[PDB]
Structure formats: structure tokens, C-alpha cells
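Participant:
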């Protein structure tokens, strides 16, 4: 990890594309191993956000496994996004109530 | 993962926005796959909108797949521009109430 | 041994016992059965029973480690449209056969109930399969009417050629229609001419 | 004789006894197992499972009394990158098989405990080997990502060629992507183009 | 003492799997 | 051989609900979803997100009951009678929720997900508002749906 | 050129077994499996994890068919929980 | 031109035995030995003393592999103290 | 060019059996059936439902003859009610 992070400087975060909001700061504690959309729907339903997707899911699922305890939803989504790095993407438009899940496009 | 996670800023995410026409504002139901331009025409006339297209549709058709049973036409258009990607794009002018398919 | 025959004494016993059971509940919901499966609603103009079409999503066969092959979406025309006389029912597909055998120590009694259970639930699976068969049929001709509505398949293009009084001094036929189905239903491939319905 | 069969009565007994034991502690730390071995984190863009690369230092083979041959440093690409469907687990590598046999004087009792111990610890070694196998795998694909980060190996260079609606009047496929992996990962040899990261 | 309300007749698996047959083809009909 | 019982008995289950509603801590058992409402007064002290001692027998036998079902997600919210400032009753409830959630997550949880929050009796179930922390609007509530 | 998928996937997409198949006794779950020719084809809606298919398949509604190599022991993820599943035959 | 080393050294560099090997029962120490083909390959971190390998090998972390002629009796130095080690098979 | 119908339909249009036929024992109903050559020809006035004929036929008065494949079990609709019918032979 060190040698990757020094051969490549990280330029940006993902909090600018996932900022927080009141009712996004509820907390949750999760274990998971399944696919992604079931999980994100459960999040958006507890977060009272409409959940939508963009693009088409590939045949091989992107499967993640998140395991954390007493932690808020915004960076729940941040590390989900990280765990599905470069196969999936999360954006939230909390001026609306929308969690959108973009797929990869191949 | 963080250091190899490249993303775009939502300032520079380049996608179509919601053009907020009230004729756009309605929920729909489409399951379909294939060439985009027919759907755009039929959704424009669903939306009481004129549909123009600029550019050439290629020999290989630009293909999509949309499977929604209850959803608004705008985010149909959002996904449709997303799956259009580099080959094509969507502009919506709700002042003139015309959607327009741009090729590349 | 004595074992296996006590089992097999049970096996057909519970099997046919189950078969008789499933046959009466078939009969009591017989109304409900065709009340679902009104085939004639699906049959065509010249009582052409329409073909059964098959859906496909994300058909990814990896060939191998080096190459994969996926359709997003796939259709299989099976059992092409044809002249039918009498339209299908379900009892053609679901009336389980029932025969009764009674033809022949604690292992006797318990393995007879073993096989009793065993024949029961293998018949249940059989039943399940029968149901699935009638599904895939019914859904298939639905999908024919679907893609016909979608311009994604073609009609049965026929020619009825008619004949007047036909026959000799010993035999005549006053009007002989003959009907050939010239062009069968088939998936069109120029998708440009399709029909893509938005709904509201 | 009676001896060796008392031993061998113990042998499989302790062996399978141990196998059942190791299987439950596998199960209770199953979370912890993949919690270590998140393979998908290591898999690639087109779920290409990455190859396993092998380290080498001071590889001195003396050929003989007259000539020796040493690398300072050595890399072995094994099990080249490939399309995977479902990413690996550990239970593929560590779930020890368990079967139960109970199938058959003081030498009987003591050599049965002898073999009881013996099957136990040969299973332990077996386990150990399983662990080592999953090491060398995991570390291997780590090292792939390493030298890929080091410019010391190449990517999997692929070509996805896509097809539109494919198929006939009875079968179509609306979109057929086929993906071939054109150029596999491989160790580059012009080391001038490498990537040598200092750290702080 | 405790009871959930809708205490029905005892069904069986046969007509059960008939029912999930039926509803699946049924809402195919709806959408269709 | 595979399971008849998944290590549980419905008799034990009903022994619970009988005795804990004899003890008044209210079990809703409704449709398929099951809920327990609890007065927060028996658990936290006055405006504290701080639990006491002999409570934990009761808290753990809650978790003992929670083991009785296959379940997926558990939501806990807490509510508190309005005390000082909307921020802090949010906070007090939120902390109250998260501390008992932490405790039972540490304890036996068969959920995959625990959602947690609480509000400052923003939705009081009584408007009989007898005071602060002896109100039933000072409370904590746990919902789940028994999975299959 | 690779093959598209199995068209027997289109059959086992729904509940028909393939022609000439053996009902693999699935115990512990709702997926049904047939031995066609060393190749189980399994229908499910669950998410196959351990063995990996030669061809995967889903319906319009997410019903998967997997043209799958022979396992005695099957892995799906159920709800982020993961299930082992035994087969017979 | 001599050979570089064994690449089976790269395998027994870590804890895999070579293909087709016999686990030599190592008693008295932490080194593990396989009979490949009259040639034990032994992994250790300890410092081999008596017999001498045909090929020596170490890891990135000092794990040695020695492609070693067959001894019943092995010598390492442990800490400036020296250990005899017995093998079986 | 297809055949018109059977002319044995013209015979079994009325109550003659075809030449060389076996009286199929009709139990439960008024229709009479003959086995000609695997092909039952059945006269009735009732409305044949399940099996479907190769040739159908009616009289001037609505008497049907159906040149029908072999069923043990026959379906007619009687009056919007539907009747199963057993045959023997």
C-alpha cells in the first residue's frame, strides 16, 4: 500500500461527490458480503432517499463485503464506493433525496 | 483502493441534467433494448416534445437497454445519455420543448 | 435388501397416493386452471397456435480464460406457429397419471413410510416440473404476441387458396379450401423497424 | 500386524477427528478468513484474476566445483492472468474434507491412540500446507500488482469487440460483446522504464 | 395467550406452487 | 441431519413475551414485524446517555430473544421528552440509541445491518406530557422483521 | 469465436430441466439443479459464489441460470449472509 | 552455462512442497523438508551448516530454500549455538 | 396437395363403423368410437375438446365424425359443462 501510494499521489477525495447531510448522519453498523444494490437500497430506504441507478449492471456482479460498526452513512457510502472502486460509483444529490449508483460501462 | 480510485467532480461529471419541464415531469414505464433514437422519438411524443436529431446514426447502431416499471422520463433521459456516452448525447431545450439527439 | 424392498414398497405407494391426491386438487381448481390458461385468447386467426418465444438476459458464456461472450439480451423461437385443431388445455400438462398398486419387520414398516414420503415428494417435484412446462409454454406464446406487437417477430403469412366444386361422379366436394401457411413467424433482424412502446 | 492394524485403526480415526475439528474453527473464523482474503480487491477490471508472481533472492546454484551461478534477485510469473467468473475464496483452499469412518488387546488400545495422534498431526501438516498454498497465491497476485506498479510487469492488454443484434429468425442476441485478452501480463525486460519508489 | 389474526384453512404445496405460477404469468399479463 | 428448530423454541419465545409484558416492556408482534418499545427511564438516567447496572440482565435477555429469529436488519430509535435544545435532544437520543446499539451489536446480533437514531420526541406517542424523563415519550424502540 | 451461451440456459432459465437431465437433489435452498452432461445447470435467484459457471444467465426478472461445473457443495450469498448448500447426485 | 537455480526453489521458498514430494518428517526444529527426487528441498530461516546444497535461495525476508542432497542428519547454527536435526524419510 | 378428408368420415358420419374396425367400448357417453387403424373414428354430436382430430366432419345435422388419434380419455364439452370420457380398447 505504501509503495502504491508513493508511486501515485492521490489527487482527490470522494467526499466532494459524497458530502454529508442531516439524516445522512444517522448511524449504522454492518456486516455484508452480498451484492451492492440490495445493500444500497437498504441504505437509501433507511436514509429516506430515492435510490436510482445509471447504466446497466454487468453479468458478473460486483460484490462487496463491508464490515464496520457504529458509523455514519456518508462514509459508509464512501467506503462502499471505495470497495467497489472502478466497477461502480456512488453519487448523492441530497438537495434532492437521491442516491444514484452509476455502473461501469463495459 | 483509495489511491487508485479515480473519480470525477460533480462539477465536471459531464452528464445531462434534469431540464425540469413539467411535460417532462411524469412517471413512465419502459422495458426495451436496442437503438436509442426510436425511444427518444417516442418518449418525446410521450412528453409532448419535438424530437430533433443531429449527427449520423452509424452502421452499427448505438444500443441501449432500459428496464423500468415506474419512473420519470427525465431520469430515463439521464440514463440514456449515460449509456449514450461518447457516441451520442442528449440535449433538452425545455424552452422550445425539444429534445435533440447528438451524434459524434 | 429386505431393507430396499421395504423402501420400494413405500416408494410407489406414497408416489401413487400423492398422484391421486394431486389429481383431485387439479379437478377442483379446474375452473381456475383454464381461467388462468385461456389458450384460445392466445390462438391466432386461422387457429394458428402461436410459437413459444424465449427471453434472454446477460447470456455470458465465458468460453474460457481468454475470451468471453455475452449478450445483453437474447430470444429463442421454439415450437414454431402451426395450424392447431383443438386448442391446448392444461390437463394435457398437469393431469398426473394415477394408477393404484397394492402388489407386494420394523424395517418393513418404517421403510415403507420412508418410501411413502419419498414417492410423495418426488411426485411433488414431478408436479412442479409440469407446472414449469406449462409456464414456459404460455409465456412463450405471450412473448410471440409481444414481439409481434414489438415488430420484433413476423406474422404467420399464409395463403388460403380455394377450390370450387371438386370431385367426380362418385365423389364431389362442393367447396374445398386448402390453407397453407406460407411464411412462418420469425424474429426480424433489422431492428430499425421495431416498435418500442413507452408506457405511462 | 495386529499391531499395524491397531495403529491404522487409530490413524484414520485421529485424522478424521482432527479434520472435523479444523473444519469448525475454519467456520467460526470464516469472517476473519476472507476479511483477510478479499480477493476482489485484487481482481482486475474485466474480472481478470491477476497472475501470481514469485520473488527470488540470492539464487545461487553452484553448478559445480568449477562454476556457480547466482542471481541476486529473480521473478517467476506463474498462473498467468485470466478471465475469472467468480473470484476465489479460501474455502476452496482450506475447507478440509471431513468424512467419518467407524469401520473396523492393550496393543489395540495404545496403537489406536498412537494413530489417533498420528492422523491428528499429519492433518495438521496438511492444514499447514493448505495455508501455505493460499499464501503463495495471495502474495503472488500482490506481487503482480506490485510490479505492475513498478512497471516491472505489463498489464493484461485486451480487446473487447462488440456486436449488435446478432442472430436469426429463431434466435437473436441483441448485444453480443466478446472479449479477448490479447496480450497477457509479462515481466518487462528493459528495466530502464521501471518505476522505483522511494518512501518516506 | 397470543394469536396472530388471519388463521386460514390449511393449504398445500401443490396449489401453492400453482399460485406463484399464476401470479407471475398474471402480472406478465398486466404489463404485457 | 438438517434443522427442525434453528436452536430455538416458540414456547421459550412466548415465555419471554408473557413475562416481559408482565414486566411491561412492550412487545409488538404485528403482521410479520416485531417491535419492542421500552421506557427509557428504566435504562438511561435523567437526560443521560448513561445506562445503569441491573438493567443489563434485562438488556441481555432482550438480545437472547433477538437470537430467536433469523433476521436481517434491526432499526433502533429512541425518543426523549423535550428538555433543553433541539440539538441536544437529538443528541441525547442519538447517543442513547448508539450506546445500547453498540452494546447489543457487541452482544449477540444476528442482523446484518443495524440502523440507529433517535429524535427529541419529535413524534410523541402521547401528548400527556407529565414531565421530562418520566414521560413515556422518553423511550427507546427497536423494530425488525423476522426474516422468513 | 466463442459461443453466445447455452440455449439450454434459455430452457433452464425457467423451470424446465434440459432434455435428458437428472434432478439434482437440492437440500437446504430454493435453487433447482439438473445434471445435464457432467454440467449442472442450476436455476436460482440466489447469488452463486464458489464454483463459477461456464455460462451465466439471467431472466428478465433476475432469475439466473448457471451452466455450472459439478459441485457437490454450492455457495451462494443470500443477503450478505452466505449459504453453503448440499446437493445429491 | 550453469543453471540459475531451481525454480522449485521459488516454490519451496514459501511453504509449498514441490510437485510430487514427500514430506520429510523433520524432528527437532522448524524447518520443513521435502524429498523431491533424492534432493531434499528444505525451507528454513536457520543457517545450514553441514551438508551443503546444490542451490541456495533466500526470500525477500531471509527465508532460505536449499536444494540439498540427502541427509538423514542436518546441521544448522541457531544462534551461534549449533543444532543437529534428525529427519525421517 | 392435402387430402380432402377421409371418406371413412362419410361412413362414420352415420353409425356404420369403418370396414375392419373394433368397437371401442365407450363408457360414460353417447359417442361411439371405432378403432380403424390406430385411428379412432368417433361419431358424436358432442364437442370434442382435448385430443384433436386429423379430420373433422359433420353431417347435415351437426353429427360430427372425427378421425382422431388414439386417446384412452376423451374430452367433450357437453353444455358449457365439460365431460371426461373413458374408452376401452
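Chains as they are written, first to last, in PDB author numbering: chain Bd, 56 to 161; chain BD, 56 to 159; chain AC, 58 to 161, 173 to 268; chain BC, 58 to 161, 173 to 268; chain Ad, 24 to 55; chain BK, 41 to 188; chain BH, 273 to 361; chain CH, 273 to 361; chain AH, 273 to 361.
Note that beta-carbon positions come from the ideal geometry of N, C-alpha and C, so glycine has one too.
Taking residue 227 of chain BC and residue 253 of chain BC to be in contact with their CB atoms under 8 Å, please state how far apart those CB atoms are, rounded to whole angstroms.
Facilitator: For the purposes of this step, residue 227 of chain BC is identified with residue 159 of the fourth chain, where counting begins at 1. For the purposes of this step, residue 253 of chain BC is identified with residue 185 of the fourth chain, where counting begins at 1. That pair is no contact at about 15 Å.
Participant: Counting only Cβ pairs nearer than 7 Å, list the residues of chain Bd close to residue 115 of chain AC.
Facilitator: For the purposes of this step, residue 115 of chain AC is taken as residue 58 along the third chain, with counting starting at 1. Under the 7 Å cutoff, chain Bd gives 114.
Participant: Any heavy atom of the ligand MG closer than 7 Å to the beta-carbon of residue 68 of chain AC?
Facilitator: Only the bare structure without any ligand can be found here, which leaves the ligand MG out of the picture.
Participant: Report the partner residues of residue 89 of chain BD according to the DSSP bridge assignment.
Facilitator: Against the second chain, residue 89 of chain BD aligns to sequence position 34. Its beta-bridge partners are BD:119.
Participant: Assign residue 300 of chain AH to one of two classes, buried (16 or more other C-beta atoms within 10 Å of its C-beta) or exposed (fewer than that).
Facilitator: In the ninth chain, residue 300 of chain AH corresponds to position 28, counting from 1. Counting Cβ neighbours within 10 Å, residue 300 of chain AH comes out exposed, since fewer than 16 surround it.
Participant: Should residue 313 of chain AH go down as buried or exposed, given a rule of 16 or more other Cβ atoms within 10 Å for buried?
Facilitator: For the purposes of this step, residue 313 of chain AH is taken as residue 41 along the ninth chain, with counting starting at 1. Under this definition residue 313 of chain AH is a buried residue.
Participant: Threshold first: 3 residues or longer. Then list the beta strand (DSSP E) segments lying entirely within the segment 273 to 344 of chain AH, N to C.
Facilitator: 294 to 299, 304 to 307, 312 to 316, 325 to 330, 336 to 340
Participant: For residue 160 of chain Bd, which residues of its own chain have a beta-carbon under 8 Å away from its beta-carbon, when the five flanking residues on both sides are left out?
Facilitator: Here residue 160 of chain Bd refers to the residue found at position 105 of the first chain. The residues are 110.
Participant: Who are the near neighbours of residue 290 of chain AH in its chain, counting only those whose CB is closer than 8 Å to its CB and skipping five residues on each side?
Facilitator: By one-based count along the ninth chain, residue 290 of chain AH stands at place 18. Excluding positions up to five away in sequence, the list reads 280, 283, 284, 306, 308, 313.
Participant: With 8 Å as the threshold, decide whether the Cβ of residue 94 of chain BD is near any Cβ in chain AC.
Facilitator: If you number the second chain from 1, residue 94 of chain BD lands on position 39. For residue 94 of chain BD, the answer is yes, since a Cβ of chain AC falls inside 8 Å of its Cβ.
Participant: Rounding to the nearest angstrom, what Cα-Cα distance links residue 250 of chain AC and residue 353 of chain AH in this structure?
Facilitator: Position 182 of the third chain, counting from 1, holds the residue named residue 250 of chain AC. Position 81 of the ninth chain, counting from 1, holds the residue named residue 353 of chain AH. Each residue's Cα considered, the two are about 37 Å apart.
Participant: Counting only Cβ pairs nearer than 8 Å, list the residues of chain BK close to residue 299 of chain BH.
Facilitator: On the seventh chain, position 27 is the one that residue 299 of chain BH refers to. 42, listed in chain order.
Participant: Which term fits residue 324 of chain CH, buried or exposed, when burial requires 16 or more other beta carbons within 10 angstroms of its beta carbon?
Facilitator: Here residue 324 of chain CH is taken as the residue at index 52 of the eighth chain, counted from 1. Residue 324 of chain CH comes out exposed.
Participant: So if DSSP puts residue 155 of chain Bd in a beta bridge, which residue, or which two residues, is it bridged to?
Facilitator: Along the first chain, one-based indexing puts residue 155 of chain Bd at 100. Paired residue(s): Bd:107, Bd:146.
Participant: In terms of residues, what are the limits of the beta strand (DSSP E) holding residue 179 of chain AC?
Facilitator: Here residue 179 of chain AC refers to the residue found at position 111 of the third chain. Run containing residue 179 of chain AC: none in the beta strand (DSSP E); it sits in the alpha helix (DSSP H), 174 to 217.
Participant: What is the DSSP secondary structure of residue 115 of chain BC, counted as helix, strand or coil?
Facilitator: Within the fourth chain, numbered from 1, the residue matching residue 115 of chain BC stands at position 58. Three-state result, residue 115 of chain BC: strand.
Participant: Let me confirm a value: residue 315 of chain BH is counted as buried when at least 16 other C-beta atoms fall within 10 Å, else exposed. Which label applies?
Facilitator: One-based indexing of the seventh chain puts residue 315 of chain BH at position 43. So residue 315 of chain BH ends up on the buried side.
Participant: What residues of chain BC sit near residue 331 of chain CH, judged by a beta carbon separation below 9 Å?
Facilitator: By one-based count along the eighth chain, residue 331 of chain CH stands at place 59. Those within 9 Å of residue 331 of chain CH in chain BC are 112, 113, 114.
Participant: Please classify residue 109 of chain BK: does DSSP put it in a helix, a strand, or coil?
Facilitator: Taking the sixth chain and counting its residues from 1, one reaches residue 109 of chain BK at position 69. It is coil, neither helix nor strand.
Participant: So with Cβ pairs under 8 Å, would you call residue 192 of chain AC a contact of chain Ad?
Facilitator: Position 124 of the third chain, counting from 1, holds the residue named residue 192 of chain AC. Chain Ad contact via Cβ: present.
Participant: Assuming the contact rule is C-beta atoms closer than 8 Å, residue 97 of chain Bd and residue 85 of chain BK should be a hit. Round their C-beta distance to whole Å, please.
Facilitator: Taking the first chain and counting its residues from 1, one reaches residue 97 of chain Bd at position 42. Taking the sixth chain and counting its residues from 1, one reaches residue 85 of chain BK at position 45. Going by Cβ atoms, the distance from residue 97 of chain Bd to residue 85 of chain BK rounds to 34 Å, so no, they are not a contact pair.
Participant: In angstroms, rounded to a whole number, what distance separates the CA positions of residue 112 of chain BC and residue 275 of chain CH?
Facilitator: By one-based count along the fourth chain, residue 112 of chain BC stands at place 55. By one-based count along the eighth chain, residue 275 of chain CH stands at place 3. Straight-line Cα distance between these residues: approximately 17 Å.
Participant: Indicate whether residue 213 of chain AC and residue 107 of chain AC have their beta-carbon atoms separated by less than 8 Å.
Facilitator: To locate residue 213 of chain AC, count along the third chain from 1; it is residue 145. To locate residue 107 of chain AC, count along the third chain from 1; it is residue 50. Taking 8 Å as the Cβ cut-off, residue 213 of chain AC and residue 107 of chain AC qualify as a contacting pair.
Participant: Between which residues of its own chain and residue 361 of chain BH is the CB-CB distance below 7 Å, once the five residues before and five after are set aside?
Facilitator: Position 89 of the seventh chain, counted from the first residue, corresponds to residue 361 of chain BH. Contacts found: 294, 296, 297, 307.
Participant: Who are the Cβ neighbours of residue 165 of chain BC in its own chain at under 6 Å, not counting the five residues just before and after it?
Facilitator: Note on chain BC: numbering goes from 161 to 173 directly, and residue 165 of chain BC within that interval has no coordinates.
Participant: Can you name the residues that DSSP bridges to residue 221 of chain AC?
Facilitator: Position 153 of the third chain, counted from the first residue, corresponds to residue 221 of chain AC. Paired residues: AC:255.
Participant: Whole angstroms are fine: how far does the CA of residue 68 of chain BK sit from the CA of residue 134 of chain BK?
Facilitator: Position 94 of the sixth chain, counted from the first residue, corresponds to residue 134 of chain BK. Position 28 of the sixth chain, counted from the first residue, corresponds to residue 68 of chain BK. Answer to the nearest angstrom: the Cα atoms are 23 Å apart.
Participant: According to a CB-to-CB cut-off of less than 7 Å, which residues of the segment 195 to 210 of chain AC neighbour chain Ad?
Facilitator: 195, 196, 199, 203, 206, 207, 210
Participant: Comparing the C-beta of residue 82 of chain Bd with each C-beta of chain BK, is any distance below 8 Å?
Facilitator: Here the question's residue 82 of chain Bd lines up with position 27 in the first chain. Cβ-Cβ to chain BK under 8 Å: yes for residue 82 of chain Bd.
Participant: From this set, BD:70, BD:114, BD:74, which residue's C-alpha is nearest residue 260 of chain AC's C-alpha?
Facilitator: Taking the third chain and counting its residues from 1, the one referred to as residue 260 of chain AC is at position 192. The option with the nearest alpha carbon to residue 260 of chain AC is BD:114.
Participant: Under 8 Å, do residue 125 of chain BD and residue 84 of chain BD count as touching if we go by C-beta distance?
Facilitator: Counting from 1 along the second chain, the entry for residue 125 of chain BD is found at position 70. Counting from 1 along the second chain, the entry for residue 84 of chain BD is found at position 29. Yes; because the gap between Cβ atoms is below 8 Å, this pair is in contact.
Participant: So residue 263 of chain AC and residue 242 of chain BC are supposed to be a Cβ contact under 8 Å. How far apart are they, rounded?
Facilitator: Walking along the third chain from the start, residue 263 of chain AC turns up at place 195. Walking along the fourth chain from the start, residue 242 of chain BC turns up at place 174. Contact doesn't hold; Cβ gap of about 15 Å is too wide.
Participant: Going by alpha carbons, who is nearest to residue 66 of chain BC out of BC:176, BC:195, BC:231?
Facilitator: Here residue 66 of chain BC refers to the residue found at position 9 when the fourth chain is read from its first residue. Of the listed residues, the one whose Cα sits closest to residue 66 of chain BC is BC:176.
Participant: I'd like to know whether the C-beta of residue 36 of chain Ad is nearer than 8 Å to at least one C-beta of chain AC.
Facilitator: The residue given as residue 36 of chain Ad occupies position 13 in the fifth chain. It does; some Cβ of chain AC falls within 8 Å.
Participant: The alpha helix (DSSP H) that contains residue 169 of chain AC, what's its start and end?
Facilitator: The model contains no atoms for residue 169 of chain AC, which sits in the stretch where chain AC goes from 161 to 173 directly.
Participant: Quick one: measure Cβ to Cβ for residue 90 of chain AC and residue 147 of chain AC, integer angstroms, because I've assumed they're closer than 8 Å.
Facilitator: On the third chain, residue 90 of chain AC is found 33 positions in, with the first residue counted as 1. On the third chain, residue 147 of chain AC is found 90 positions in, with the first residue counted as 1. Contact flag correct, Cβ pair sits at about 5 Å.
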